[PDB]
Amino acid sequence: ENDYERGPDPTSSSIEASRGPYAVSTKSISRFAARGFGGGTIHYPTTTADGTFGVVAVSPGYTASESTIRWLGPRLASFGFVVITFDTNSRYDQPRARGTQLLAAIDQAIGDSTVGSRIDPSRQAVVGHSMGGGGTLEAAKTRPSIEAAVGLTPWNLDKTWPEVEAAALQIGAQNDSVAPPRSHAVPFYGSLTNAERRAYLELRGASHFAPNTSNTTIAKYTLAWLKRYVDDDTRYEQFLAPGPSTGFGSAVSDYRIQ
């Protein structure tokens, strides 16, 4: 029995679609209207007919504006999430600061006059690119009750993450020269000893900037992870285990889950 399931039973096709079954509404937050972060956009299912949803914040990476990760906002929201994409206080904020701002973005959405009543505040998640992906681990360390964390080509100087209890997925890029997975994503995966679930998924042939353009592999597995752990939706376990193929023509070069 699960109170939190939303949407029809999934298929490979459904989770790859550019939009899920929900129409999406949006609310802008200016830099000066934002408490603890640099402004952003809340993307939310228009309908209230199906109940409340979990809340997901999405951080950009080092040097970068919200525009580099904004595509995740409407896409994820359209599958049944309230999603806040945002700018940081400084484009050069480090992972610790990005973690704090992920939590600030969640908290502003939770209290918002438009979307607060659409969120289940007990069910929170964090997603981020680059140092924002490092920030997901920072946020899940600070706020252990986070349900799920997804790092996209994550960067963090701290390689050890025994504090994280959330379900944590790292998506690496095989040819990343900025945050190479051998020294960032893969160490994080290995050290996530206390995580509810941990996974590593590597994009074949990809560069560090793969998460900044719509990418079906990133979207489908981010979605499946968030459904599995923000909504406890066991219908999405089928995509995670045994997980994507790594054979001829696959977009995935490595996949691990524990």
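Heads up: residue numbers just count along the shown sequence, starting at 1.
S.K.: If you average the CA temperature factors over each stretch, which comes out higher, 178-186 or 143-151?
M.R.: Averaged over C-alpha atoms, the B-factors run higher in 178-186.
S.K.: Taking the mean of the C-alpha B-factors per stretch from the entry, tell me the winner out of 239-247 and 19-27.
M.R.: Looking at the recorded C-alpha B-factors, 239-247 comes out higher on average.
S.K.: Going by the deposited entry, which of 207, 46, 191, 41 has the highest CA temperature factor?
M.R.: In the PDB entry, the greatest C-alpha B-factor among 207, 46, 191, 41 is found at 207.
S.K.: State the tercile, meaning the lowest, middle or highest third, of residue 170 with respect to the CA B-factors recorded for its chain.
M.R.: Its C-alpha B-factor, which the entry lists for residue 170, ranks in the middle third among residues of this chain.
S.K.: Could you look up the Cα B-factor of residue 114 in the entry and say which third of the chain it sits in: lowest, middle or highest?
M.R.: Tercile = highest for this residue's CA B-factor.
S.K.: Based on the entry's values, in what third of the chain does the Cα temperature factor of residue 63 lie: lowest, middle or highest?
M.R.: For residue 63, whose C-alpha B-factor we compare with every modelled residue in the chain, the answer is the middle third.
S.K.: State the tercile, meaning the lowest, middle or highest third, of residue 56 with respect to the CA B-factors recorded for its chain.
M.R.: It falls in the bottom third of the chain.
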